[PDB]
Each structure stands twice: as C-alpha cells, then as structure tokens.
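S.K.: Have a look at this one before I ask anything.
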Amino acid sequence: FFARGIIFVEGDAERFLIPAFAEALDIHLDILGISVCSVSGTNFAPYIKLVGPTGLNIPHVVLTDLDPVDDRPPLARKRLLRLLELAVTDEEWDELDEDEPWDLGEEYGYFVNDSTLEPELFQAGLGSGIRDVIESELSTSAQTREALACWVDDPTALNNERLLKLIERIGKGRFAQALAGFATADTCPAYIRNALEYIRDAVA
Amino acid sequence: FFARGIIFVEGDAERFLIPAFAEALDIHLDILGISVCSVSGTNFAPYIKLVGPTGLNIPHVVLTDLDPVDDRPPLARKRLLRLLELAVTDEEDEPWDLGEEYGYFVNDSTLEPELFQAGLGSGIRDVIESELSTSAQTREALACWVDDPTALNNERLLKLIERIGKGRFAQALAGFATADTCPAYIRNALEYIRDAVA
Amino acid sequence: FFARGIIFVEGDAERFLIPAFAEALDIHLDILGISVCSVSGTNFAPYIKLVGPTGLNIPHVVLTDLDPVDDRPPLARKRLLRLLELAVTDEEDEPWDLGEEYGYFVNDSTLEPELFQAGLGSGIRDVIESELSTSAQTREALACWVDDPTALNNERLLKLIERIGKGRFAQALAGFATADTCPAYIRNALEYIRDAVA
Amino acid sequence: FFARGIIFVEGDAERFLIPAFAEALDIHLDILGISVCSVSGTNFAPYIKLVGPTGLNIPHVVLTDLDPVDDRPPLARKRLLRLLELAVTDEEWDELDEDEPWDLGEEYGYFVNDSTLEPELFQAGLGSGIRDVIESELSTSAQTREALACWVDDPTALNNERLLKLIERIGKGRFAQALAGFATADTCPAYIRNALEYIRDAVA
Ligand SMILES: [Mg+2]
Ligand SMILES: [Mg+2]
Ligand SMILES: [Mg+2]
Ligand SMILES: [Mg+2]
Ligand SMILES: [Mg+2]
Ligand SMILES: [Mg+2]
Ligand SMILES: [Mg+2]
Ligand SMILES: [Mg+2]
Ligand SMILES: [Mg+2]
Ligand SMILES: [Mg+2]
Ligand SMILES: [Mg+2]
Ligand SMILES: [Mg+2]
C-alpha cells in the first residue's frame with residue numbers, strides 16, 4: 001500500500017466495478033493515488049485502526065452492503081457502529097435510536113447501500129447489462145430468461161435472491177469483471193458515487 | 001483467469017505511471033478490462049509465450065526502454081528481436097517499426113529522460129524537492145534540466161529517484177500526469193491496446 | 001495482525017537475500033515468527049512509528065545503506081537520526097553504535113559492494129554471466145572485481161543488475177548464500193532480531 | 001511469482017506451517033528459491049495448468065487433505081484425478097480401481113494426508129503443542145481441557161471434529177502461526193516431509 005487514499009470494499013466484485021464507475025464518472029483514481037482494497041469479507045475494523053487517526057492517518061472510505069434480514073435489523077447497522085466506535089469523537093449521541101447511524105457514517109466516509117451490491121446495480125439501471133451477462137455466461141432455461149426480461153422491464157419486480165443465485169453460478173468476481181464493460185455515470189449506485197466523490201476530495 | 005488485454009511494463013514506475021497517463025488520455029482500462037503487468041526486469045519473452053499466439057492469444061503491448069549503449073547497438077534491439085521471433089510471420093536497425101505493428105514499443109532512451117523531454121520536468125523537480133532533503137546543487141541541477149531537458153544527467157536523477165524509491169517516486173509523479181506530457185511511446189501503446197481490445 | 005518480530009529492509013534484493021542468509025546462519029525466521037518487510041525506499045520512519053514504542057512495540061531491526069556522498073555526510077546519517085529521534089532515550093559521526101543498540105544497522109556503502117567485499121563476488125559474476133548476454137569487456141570487469149573487490153565499479157554493476165531486475169538478481173544470488181559470505185551488518189541484524197524475539 | 005519452485009497448499013495454516021517444518025528439517029526454501037502458494041481453497045487445477053508442462057514448466061508440488069466423508073469416497077480422490085488428468089502421460093491405467101491414484105500422484109508431486117492438516121499434526125506428535133496453544137488462546141472449560149489431556153495421552157482417541165471446532169474458534173491461520181513455534185523434524189507429518197523433499201530435489 002501507502003496509497004494517498006483507500007477505498008475499502010467487501011469483495012472482488014466491488015474491486016472490478018468501483019474503478020469502472022470511477023472511469024465513467026471521470027474520477028481519476030490513478031492520478032490521485034487512490035487504491036481499492038478488498039477485505040474479502042465484512043470486517044473492516046482491523047483495517048480502520050491501521051489506517052485511521054491512530055494509525056497511518058490515511059484518507060479512506062468504506063463501501064458495504066446493508067444486508068437486510070427479515071424480522072431483524074440490517075446487519076450493516078451493527079457493523080457500522082463498530083467502525084464508528086474507532087473513528088468518532090467521544091460525544092456518543094443517540095444516533096436516532098442508534099439504529100440510524102447512517103448519516104454520521106457518511107460524514108466519516110462510511111457508505112452503505114440499501115440491499116447488496118448486485119440488486120443495487122440492477123436498480124441503478126444496469127438491469128439490461130446484467131441480463132446480457134447472465135445469458136452470455138450461463139446455460140439458462142426459458143423460465144430464467146423470462147424472469148430476467150420481466151425484471152428489466154420493471155426493476156421493482158426484481159427478486160433479489162434469485163438474481164444472486166444466477167450470479168453465484170457465474171462467480172461474483174467473474175460476473176463483475178464482465179459487467180464492468182457496461183459501467184456509465186448514470187448507472188452508478190448512489191453510495192458508490194458518494195464514496196468516490198468523498199475519497200477524491202479527502203485526497204485533494 | 002482472463003483479462004481482455006495486458007500492458008507489459010518493466011518496473012514499478014511504469015506500473016504507476018501508465019494508468020495515470022491512461023486517465024489523462026481518457027482511455028478506460030478498467031472498463032475495457034485491460035490490466036498493467038510488470039515483469040520486474042527486461043525479459044518479456046516468457047510472458048509473451050504464455051499470452052501470445054503460442055498460448056492464450058490475449059491482446060497485449062510491451063513498453064520497454066531503448067537502453068542505448070556506447071559503441072554498441074542498444075540493448076533493446078536484441079530484446080525486441082527475441083520477442084519478434086516468437087510473434088511475427090515469416091520473412092539490426094530494422095525491427096522497431098515492425099515491433100510497433102505487433103504492440104512492441106521502445107522509447108529512445110529510458111523512461112525518465114523521456115518524461116523530461118515530454119514536459120514533466122517541472123513535476124519531477126517538484127516531487128524530488130518536496131520528498132527529499134536536497135542540496136542547493138541538486139536543486140540547481142534540476143532547474144537546468146527543466147529549462148533544457150537535453151542537459152539531463154541521468155546518473156544523478158536516478159540516484160535521487162532511488163532515494164525515494166522508483167514506485168513511490170512514480171506514484172507522486174502520477175499526480176502531474178496530463179495528455180500533453182505523455183511520452184509518444186506510452187500514448188501509442190495505450191491507443192494500440194485500446195484498439196486491439198475493441 | 002501480528003508477528004513476533006520484523007526485519008525492515010530497503011528493497012527487493014534484501015527481501016530475497018536476508019531470508020537466504022538467515023537459512024545459511026541457521027536462524028529460523030519462520031519458527032520464530034519473524035517476517036521481512038520492505039519499505040520500497042529509504043523512509044523507515046512511518047513504519048518504526050507503527051511498530052515501535054509509539055505503537056505496537058513489536059521487536060524490529062532496520063537494514064539500510066550508508067549511501068556515502070562526495071564531500072558530504074553520508075545520507076544514512078540524517079536517516080538514522082530521524083529514526084533514533086523516535087526510538088531513543090533522552091540525552092554527526094555519533095549515532096551509528098547507538099543505532100545498532102536499537103536494532104538499526106547501516107553498512108559501509110550499499111548492499112552490492114558489501115556482498116562483493118564479503119566474498120560473494122564469484123556468485124555475482126556467475127549470476128550476471130549466466131542471465132545476461134554480456135560483452136567480453138563486462139566479463140573482464142567482473143573478473144577484476146572478483147580478484148580485487150576494491151576495484152568494483154558500482155555504476156556498471158548496478159546497470160548489469162537492473163538489466164536482470166534487482167529482485168530477480170537477488171533471488172538467483174540467494175542460491176550462493178553461505179554463512180561465510182554474509183555481510184556483518186546483515187548477520188548482526190539477524191542475530192539481534194533473534195535475540196530480541198526470545 | 002517466478003520462483004524456482006512452488007509448494008501449492010490449501011490455506012494459510014499450511015502457509016505458516018510448511019516453512020516452519022522446512023526449517024526444522026534443514027530444507028532451505030529461500031536459498032533454493034521455493035515459494036509456498038496458498039490457493040485459498042481446494043481447486044489447484046487452474047494453477048497446475050499455468051505452471052505445469054504446458055505452462056511455465058515450473059517445478060511444483062501439491063499438498064492437500066484427504067477429506068474423508070462417511071459412507072462415501074474421500075473428497076481428495078476425485079480432486080487428485082483432476083490434477084492427474086492435466087499432468088500424466090496418456091496411458092490411462094486402472095490406477096487400482098481408479099480409487100487408488102495416490103502412488104501415481106506422489107510420483108507427480110501430489111501429496112495427500114490421511115485426514116486433514118490439524119489432526120495429522122496431532123497424530124504426528126504435536127498434540128502437546130496444539131493443547132498448549134488452544135489453552136493459551138481460548139477461554140476453555142474443564143471438560144475441554146480434560147478432553148485435550150486425554151488426546152495427548154492417546155492420540156488414537158483423538159476426536160477430529162471437536163479438535164477443529166476448538167481450532168476454528170482460534171482461526172486456523174492464527175492457530176498455525178502460534179503452532180509454528182513448536183515445529184521439529186520429528187513432528188512433521190509424512191506427506192509434508194515427502195513434498196518438501198520432492199520439491200527440493202526437483203529444483204536442484
Ligand atoms: Mg482508471
Ligand atoms: Mg456483502
Ligand atoms: Mg451518461
Ligand atoms: Mg476521463
Ligand atoms: Mg529499464
Ligand atoms: Mg525505470
Ligand atoms: Mg538449518
Ligand atoms: Mg539503498
Ligand atoms: Mg539495493
Ligand atoms: Mg526459511
Ligand atoms: Mg482442507
Ligand atoms: Mg529431533
């Protein structure tokens with residue numbers, strides 16, 4: 001490392017896609033010395049310590065999935081309180097029932113989506129490209145292709161878990177490398193765009 | 001397991017500078033799926049075998065330094081012939097333009113004089129003066145080099161650069177990358193590998 | 001997340017040669033949990049802050065080159081003072097022996113002349129002659145350097161080594177590592193970090 | 001890479017332990033230019049192609065777990081036939097009902113243990129050190145400590161899956177880094193020693 005800035009992401013899907021969207025947005029990560037570091041999981045806290053104010057004091061952002069669970073809080077709320085514990089001033093406000101630490105997280109460069117990466121891509125308008133990739137990569141049934149056509153016509157009808165099943169057949173990392181070809185500024189999910197603008201400005 | 005194209009480079013400086021110049025030229029390596037691969041030396045031949053026609057037939061380019069030698073042919077001559085032997089059709093001051101046809105690009109000296117000739121001399125001086133503690137003498141040497149790039153003393157520049165580390169130096173210098181300071185041989189290799197992947 | 005000790009080195013050559021010399025001295029870095037960490041340059045100070053008393057207080061050593069300069073103090077002087085400032089108790093041609101007390105080891109020139117002085121000259125010549133295409137003149141230069149290490153021409157050795165790549169060169173040279181060709185400053189740093197981890 | 005030789009292993013446990021046993025055995029991997037490469041899984045076939053006779057032709061070995069399953073063949077038998085397909089001359093013998101491809105695998109540098117790494121370490125005589133590490137790292141019950149004392153007195157009584165549960169509480173990679181301190185030539189499992197001698201000789 002010893003980048004001028006770091007984008008911490010969960011996996012290799014993000015590692016392919018984030019630099020592709022940055023290119024689409026004309027945000028120059030290589031000129032600015034910004035690196036994308038996958039933690040191969042959801043445990044950013046060891047990296048935050050090493051890199052945060054106590055450590056090397058390197059500008060950084062975190063991109064992570066909300067991971068909503070049925071009849072339970074989103075997995076990301078607790079994972080975000082842990083990162084905030086290592087980075088926030090010792091005032092300890094309510095954070096809106098401490099289940100709304102999101103806004104304070106964004107001030108510190110921690111960005112959470114509304115579900116998980118691949119449904120967010122579909123909802124951000126990449127549905128046609130995701131369908132192209134899945135039908136080029138997999139051997140598919142007519143039932144699958146028609147489910148994908150329907151989701152493209154109405155992304156609100158999208159079944160997230162059947163989508164990820166399809167993608168896990170491809171491999172999330174291989175899927176994302178193929179989807180990177182389709183990145184445009186208008187199909188970048190908001191949380192990725194926010195994080196790229198944040199880290200560009202932190203470094204500059 | 002696969003990339004749409006590969007840019008082969010010699011070392012850490014190109015690893016950091018080629019992606020910066022690609023951004024300054026608006027060439028989207030990550031969207032095109034083009035990666036930059038350093039061979040940490042000057043022997044590209046094993047890699048060209050893996051990914052060339054012999055093997056995976058992945059589109060690729062090579063960036064290498066001429067390495068001109070006093071009273072000898074420059075070192076890149078035999079280096080290119082060796083790569084051409086493994087890539088070309090049936091048929092030295094000869095192989096340069098044929099090499100470029102196959103994505104093999106040689107500069108006219110070595111990376112760092114080329115950057116000075118291309119207009120990055122002010123950036124190189126800024127990087128060196130802000131990262132190192134320097135004597136007035138080296139700072140005046142750098143001022144001469146900027147106002148006349150032909151005056152460049154390469155033993156001295158490289159010693160300065162090795163104090164920083166070639167990769168650290170290049171990462172700092174990337175922040176000054178622009179389209180008008182991109183050496184021709186890098187710009188041509190980048191346009192070539194973008195055309196190729198298309 | 002943690003190692004029992006760290007050996008900080010400047011670059012790729014030490015990355016490959018320090019573990020080879022440790023094997024030739026029967027110092028078991030993997031059993032002791034000691035890792036070798038290259039800083040890719042000459043600025044050790046940020047790392048010493050992370051792992052020194054200021055931070056994790058992991059036992060560590062530093063291997064760095066003197067970098068002697070004509071009509072100046074050698075570059076390592078200020079470099080060591082900067083690291084000593086961050087490591088030492090309250091109180092230049094001074095700081096060397098105090099530096100060694102804290103695991104900071106400086107050679108007398110730079111790695112590669114030191115290897116020649118220590119007896120590895122025949123290996124360096126073998127590596128260079130078998131990996132490069134060479135002129136008779138460079139092969140006679142290497143023969144002079146082997147029979148008299150004081151005659152060594154460092155501009156020329158380094159140019160040869162950069163044709164190979166410093167890390168490739170050092171990995172090939174590792175195969176010749178022995179206890180009797182290990183420079184003193186490497187041997188002392190290795191014994192020091194083994195004592196420290198115990 | 002571009003090592004003179006490669007030891008392909010499954011995970012980071014092996015990545016810590018193999019070089020420790022090599023030191024204990026006075027097999028000089030750094031002098032010989034031999035590297036230990038974790039594939040973070042059990043899928044060596046992509047690496048074998050890149051590195052084998054068709055690829056860079058680099059001397060290499062594979063260390064992998066038998067992975068015995070109850071009422072089923074060992075998982076390693078099929079995983080080994082796949083690697084052998086990419087490396088063996090096209091004679092295609094019986095391999096002893098093709099469920100005994102082990103001997104031919106060892107000729108090609110593919111070494112399989114009898115269960116999985118951590119029980120094999122216990123059985124090779126490291127049981128006392130494994131007990132030390134577990135009781136230093138974990139908070140343990142008296143029931144656990146007495147089960148470990150019993151296994152140390154008679155490794156044949158060892159319960160493999162309770163051992164790995166204990167170790168998975170520590171983290172297999174962190175466990176192995178701590179166990180490396182205990183490596184000796186006499187506690188090296190045979191399959192690791194065989195592989196180290198093979199790759200040392202292939203390189204020399
Ligand atoms: Mg880019
Ligand atoms: Mg996730
Ligand atoms: Mg648009
Ligand atoms: Mg642009
Ligand atoms: Mg060069
Ligand atoms: Mg260079
Ligand atoms: Mg020994
Ligand atoms: Mg040096
Ligand atoms: Mg050196
Ligand atoms: Mg060793
Ligand atoms: Mg296993
Ligand atoms: Mg013994």
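Residue numbering restarts at 1 in every chain; chains get A, B, ... in the order shown in the structure tokens, and ligands count up from 1 in that same order.
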Near chain C, which residues of chain B fall within 9 Å when you count only C-alpha atoms, and what do they look like as number ranges by chain?
M.R.: B: 10-11, 39-43, 155, 162-168
S.K.: Using N, CA, C and O atoms, can you write the selected residues to a file as a short mmCIF file (atom, residue, chain, number, x, y, z; two decimals), in the first residue's frame?
M.R.:
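Everything below was put into again-v1.cif:
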```cif
data_model
loop_
_atom_site.label_atom_id
_atom_site.label_comp_id
_atom_site.auth_asym_id
_atom_site.auth_seq_id
_atom_site.Cartn_x
_atom_site.Cartn_y
_atom_site.Cartn_z
N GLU B 10 8.18 -2.73 -17.55
CA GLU B 10 9.43 -3.20 -16.97
C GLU B 10 9.40 -3.17 -15.45
O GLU B 10 9.93 -4.08 -14.82
N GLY B 11 8.84 -2.13 -14.84
CA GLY B 11 9.05 -1.99 -13.42
C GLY B 11 7.98 -1.17 -12.74
O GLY B 11 6.94 -0.84 -13.33
N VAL B 39 6.98 -6.97 -15.41
CA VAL B 39 7.81 -8.16 -15.42
C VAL B 39 9.04 -8.02 -14.52
O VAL B 39 9.84 -8.96 -14.45
N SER B 40 9.20 -6.89 -13.82
CA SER B 40 10.31 -6.69 -12.87
C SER B 40 11.65 -7.03 -13.50
O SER B 40 12.45 -7.79 -12.96
N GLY B 41 11.91 -6.46 -14.66
CA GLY B 41 13.16 -6.71 -15.33
C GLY B 41 13.03 -6.29 -16.77
O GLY B 41 12.35 -5.31 -17.07
N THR B 42 13.67 -7.02 -17.67
CA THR B 42 13.60 -6.71 -19.09
C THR B 42 13.37 -7.96 -19.93
O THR B 42 13.46 -7.89 -21.15
N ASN B 43 13.04 -9.10 -19.31
CA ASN B 43 12.75 -10.32 -20.06
C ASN B 43 11.24 -10.50 -20.19
O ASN B 43 10.58 -11.09 -19.34
N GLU B 155 22.66 9.69 -14.31
CA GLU B 155 23.17 9.09 -13.08
C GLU B 155 22.59 9.80 -11.87
O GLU B 155 22.21 9.17 -10.88
N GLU B 162 16.11 6.86 -6.62
CA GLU B 162 16.24 5.67 -5.78
C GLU B 162 16.18 6.00 -4.29
O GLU B 162 15.79 5.15 -3.48
N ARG B 163 16.56 7.23 -3.91
CA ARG B 163 16.36 7.67 -2.53
C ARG B 163 14.89 7.65 -2.16
O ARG B 163 14.51 7.34 -1.02
N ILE B 164 14.03 8.00 -3.12
CA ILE B 164 12.60 7.98 -2.88
C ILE B 164 12.08 6.56 -3.02
O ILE B 164 11.17 6.14 -2.30
N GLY B 165 12.63 5.82 -3.97
CA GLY B 165 12.02 4.58 -4.40
C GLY B 165 11.29 4.84 -5.70
O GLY B 165 10.47 5.77 -5.78
N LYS B 166 11.59 4.02 -6.70
CA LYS B 166 11.07 4.26 -8.04
C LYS B 166 9.55 4.22 -8.07
O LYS B 166 8.91 5.01 -8.79
N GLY B 167 8.95 3.33 -7.28
CA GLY B 167 7.50 3.26 -7.25
C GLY B 167 6.87 4.40 -6.47
O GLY B 167 5.84 4.95 -6.88
N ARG B 168 7.45 4.77 -5.33
CA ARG B 168 6.99 5.94 -4.61
C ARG B 168 7.14 7.20 -5.46
O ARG B 168 6.21 8.00 -5.58
#
```
S.K.: With only C-alpha atoms and all ligand atoms counted, collect every polymer residue having an atom within 10 Å of ligand 4; state the result as a compact mmCIF listing (two decimals) with C-alpha atoms, in the first residue's frame.
M.R.:
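Writing the result to part.txt gives the following:
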```txt
# COMPACT_ATOMS: atom_id res chain seq x y z
CA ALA A 22 -14.83 5.91 -11.44
CA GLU A 23 -13.73 5.95 -15.06
CA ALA A 24 -17.32 6.52 -16.17
CA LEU A 25 -17.57 9.42 -13.69
CA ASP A 26 -14.19 10.84 -14.75
CA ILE A 27 -12.79 10.48 -11.24
CA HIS A 28 -9.10 9.81 -11.69
CA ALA B 22 -4.35 6.43 -19.48
CA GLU B 23 -6.66 8.52 -17.27
CA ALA B 24 -5.21 11.74 -18.67
CA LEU B 25 -5.88 10.41 -22.21
CA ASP B 26 -9.42 9.27 -21.24
CA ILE B 27 -8.59 5.63 -22.04
CA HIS B 28 -10.69 3.47 -19.75
```
S.K.: At a cut-off of 10 Å, which residues of chain C touch chain A? Count only C-alpha atoms and give the answer as a PyMOL selection string.
M.R.: chain C and resi 1+39+46-47+49-50+55
S.K.: Name all residues at most 7 Å from stretch 181-191 of chain A (count only C-alpha atoms; drop same-chain ones fewer than 4 positions away) and give them as an MDAnalysis selection string.
M.R.: (chainID A and resid 20:21 24:25 111:113 120:121 124:126 129 195) or (chainID B and resid 31:32)
S.K.: Could you give me, as an NGL selection string, each residue of stretch 105-198 of chain A that DSSP assigns to alpha helix (DSSP H) when run on this structure's backbone?
M.R.: :A and (105-107 or 117-121 or 127-137 or 142-153 or 160-170 or 172-180 or 190-198)
S.K.: Report, in Å with one decimal, the straight-line distance from atom CA of residue C:19 to atom CA of residue C:37.
M.R.: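 Taking atom CA of residue C:19 as the start and atom CA of residue C:37 as the end point, the length is 11.1 Å.
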S.K.: Go through A:100, A:40, A:59, A:51 one by one, measure the shortest atom-to-atom distance of each to chain D using only C-alpha atoms, and give the residue with the smallest value.
M.R.: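 Using only C-alpha atoms, the shortest distance to chain D belongs to A:40.
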S.K.: What does the list of residues within 12 Å of ligand 11 look like if you count only C-alpha atoms and all ligand atoms, written as a PyMOL selection string?
M.R.: chain D and resi 9-14+38-43+63-68+74-76+79+112-120+164+172
